[PDB]
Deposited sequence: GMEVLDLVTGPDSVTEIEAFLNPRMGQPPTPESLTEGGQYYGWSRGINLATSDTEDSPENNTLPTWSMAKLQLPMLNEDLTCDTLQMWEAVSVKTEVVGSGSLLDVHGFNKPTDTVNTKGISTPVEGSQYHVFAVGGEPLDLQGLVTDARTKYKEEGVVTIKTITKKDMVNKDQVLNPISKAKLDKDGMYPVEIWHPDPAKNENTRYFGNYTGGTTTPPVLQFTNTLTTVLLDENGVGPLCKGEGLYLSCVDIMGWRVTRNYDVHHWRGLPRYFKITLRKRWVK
């Protein structure tokens, strides 16, 4: 398990696996009906605001959460372990944001004309590949936020106690593991840099309200997953963990400026090799 030896050679010593992770912006995949809520799939529901400085209770379907998948690798067996060497990853569908013919708040609000305002604002892109769940560190805007006690994993879920003022900075007690898809809000749970020895993660954030969204995509870019010692994530029990979130901004409706988060799916193609371990 611990001591890393030579690369295994011979038939089937290398494998490639691919997966797509759909975004988890708030509306679940079901109901599928385009008149019963399914029309919001790929988006959050309308963001609901605090009613006072002491009453902030966001609905679960307004909170983007981490996407995750655990993939099973070919059975193995000094022992052998699968080692993640590299990944090609791509966020797909930015071209869909060129739809400016819909019924969003129009650019000319005097005549109700122009174009349907495209998705704009705060953007958040993180992906990770590891041999165990992504380790998470909690940190919130407001320790007083009344997150729901059902259907979501928050700091109180883990500690069994209300949040404290330290949860607005780094409180080492407030940790979790990304072990469920669509359950851990991204405004609460961050990659833990004090752990994640067996995972590589890459994140970026751009804020603002009207910020132009930016994205690049190509099938020619490889992300190396080997550490400073030439060792990739080692997959415990032949399980490979993929984690991501890809927020593009908000669309804004014609009714009291209601905002809906927009997310996009992420492709992963991971190259793995067998590694001798002791």
Practice prompt. Could you please spell out the deposited residue ranges that have no C-alpha entry in the coordinates?
Written response: 78-83
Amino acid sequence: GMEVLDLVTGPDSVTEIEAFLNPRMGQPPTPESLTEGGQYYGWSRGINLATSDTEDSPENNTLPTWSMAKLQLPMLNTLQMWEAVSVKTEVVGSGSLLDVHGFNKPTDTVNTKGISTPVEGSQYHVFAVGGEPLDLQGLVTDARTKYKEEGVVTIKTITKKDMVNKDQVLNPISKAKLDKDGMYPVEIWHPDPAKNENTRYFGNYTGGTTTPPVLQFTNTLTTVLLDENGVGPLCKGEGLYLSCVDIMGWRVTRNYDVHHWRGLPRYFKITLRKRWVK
From here on, numbers count along this sequence of modelled residues.
Fill in: Higher-scoring stretch by recorded Cα B factor average, 86-94 or 67-75
67-75
Fill in: Higher-scoring stretch by recorded Cα B factor average, 27-35 or 41-49
27-35
Discussion item. So if I compare the CA B-factors in the entry for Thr145, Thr117, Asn111, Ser174, which one is the largest?
Written reply: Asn111
Practice prompt. Select one of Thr253, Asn229, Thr54, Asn61: the residue whose C-alpha shows the highest B-factor in the crystal structure entry.
Written response: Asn229
Fill in: Position of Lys160 among the chain's modelled residues by C-alpha B-factor, lowest, middle or highest third
highest
Item to complete: Going by the recorded CA B-factors, say which third of the chain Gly151 sits in, lowest, middle or highest.
Response: middle
Worksheet item: Split the chain's modelled residues into thirds by Cα B-factor; is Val186 in the lowest, middle or highest one?
Response: lowest
Worksheet, complete the sentence: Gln137: CA B-factor among chain residues, third -> middle
Item to complete: Please rank the C-alpha B-factors of the chain's modelled residues and tell me whether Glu197 sits in the lowest, middle or highest third.
Response: highest
